Amino acid sequence: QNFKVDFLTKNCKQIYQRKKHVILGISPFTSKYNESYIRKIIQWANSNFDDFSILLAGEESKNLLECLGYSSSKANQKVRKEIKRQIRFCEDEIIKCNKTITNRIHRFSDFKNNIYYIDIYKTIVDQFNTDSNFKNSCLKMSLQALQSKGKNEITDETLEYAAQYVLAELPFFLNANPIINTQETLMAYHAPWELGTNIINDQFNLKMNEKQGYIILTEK
């Protein structure tokens with residue numbers, strides 16, 4: 002309504018049309034995902050869709066801070082502080098929407114012991130070690146993730167560590183449906199997803215599920 006929506010595929014537009022469910026991806030330490038914006042996207046999700054979920058950064062976000070020169074303890078402290086801050090803003094907006102918070106907000110670290118996430122994560126890690134092209138594509142995303150969180159050095163070793171985050175986040179981008187228990191869903195973000203473009207152009211041994219999309223939200 003107040004957002005221009007772009008699509009990764011034609012199938013994403015078909016899913017979007019149906020308005021069954023959306024995943025609002027909120028990012029840590031980024032300038033965009035501020036109290037004002039976070040509210041906007043929730044009000045938008047709420048108004049247009051039957052249901053929505055929020056996906057916040059997982060534990061593996063420490064890795065990104067460690068690569069930006071942070072102590073393993075200092076990184077876990079900054080991660081906890083940010084996620085709690087994000088949770089408090091999100092919970093406030095969900096109440097304003099007269100919706101329950103219970104099972105609405107997730108982290109990509111929450112489904113570590115979920116059989117469906119375990120399967121998808123394994124299949125992705127296998128490709129990361131076998132497929133050389135995919136490994137590179139991941140490291141490019143790791144490099145962008147380090148840049149985007151540049152508020153407060160780089161080597162190929164640094165990028166393999168930062169890739170642990172990418173790998174952990176990925177199962178929600180390919181097939182979130184059996185993990186968060188949805189029929190069909192869209193992962194909504196503010197920028198395009200280069201890895202996804204390549205996934206969609208069958209460049210790897212991984213596939214984004216038919217009941218799964220990716221949309222780009224730009225403020226009107």
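In terms of the authors' numbering, the sequence shown is residues 2 to 153, 159 to 226. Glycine included, every Cβ here is placed at the ideal spot set by N, Cα and C.
Given residue i as reference, the closest of the options once Cα atoms are compared
| i | options | result |
| --- | --- | --- |
| residue 158 | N204, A168, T203 | Missing from the coordinates is residue 158; the shown part of the chain jumps over it, going from 153 to 159. |
| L25 | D120, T203, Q189, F178 | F178 |
| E61 | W45, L9, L176 | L176 |
| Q189 | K11, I160, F53, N207 | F53 |
| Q209 | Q170, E159, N137, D162 | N137 |
| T31 | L66, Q218, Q44 | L66 |
| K33 | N12, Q87, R19, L165 | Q87 |
Beta-carbon proximity list for residue i, same chain, < 6 Å, skipping 5 on both sides
| i | result |
| --- | --- |
| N77 | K63 |
| residue 156 | Here residue 156 is not present, the numbering of the chain passing from 153 to 159 in one jump. |
| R108 | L57, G59 |
| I42 | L25 |
Chain-order list of residues whose beta-carbon lies under 7 Å from that of residue i (same chain, five-residue window excluded)
| i | result |
| --- | --- |
| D93 | none |
| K226 | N3, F4, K5 |
| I16 | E190, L192, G219 |
Cross-strand partners of residue i (DSSP beta bridge)
| i | result |
| --- | --- |
| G26 | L56 |
| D208 | According to DSSP, which records beta bridges pairwise, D208 is partnered with nothing at all. |
| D7 | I222 |
Chain-order list of residues whose beta-carbon lies under 8 Å from that of residue i (same chain, five-residue window excluded)
| i | result |
| --- | --- |
| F90 | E36, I39, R40 |
| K141 | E200, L201 |
Where residue i sits in the DSSP three-state scheme
| i | result |
| --- | --- |
| residue 1 | Nothing about residue 1 can be reported from this structure: the residues present for the chain run from 2 to 226 only. |
| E190 | coil |
| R105 | coil |
| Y118 | helix |
| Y195 | strand |
| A182 | coil |
| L176 | coil |
| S32 | coil |
| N153 | coil |
| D127 | helix |
The ligand HEM heavy atom lying under 8 Å from the CB of residue i
| i | result |
| --- | --- |
| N99 | In the structure shown, the ligand HEM is absent, as is every other ligand, since no ligand is present at all. |
Meets three-Cβ-pair contact criterion under 8 Å: the region 78-87 and the region 125-134: no
At least three beta-carbon pairs within less than 8 Å, the region 135-147 to the region 101-120: no
At least three beta-carbon pairs within less than 8 Å, the region 187-206 to the region 22-36: yes
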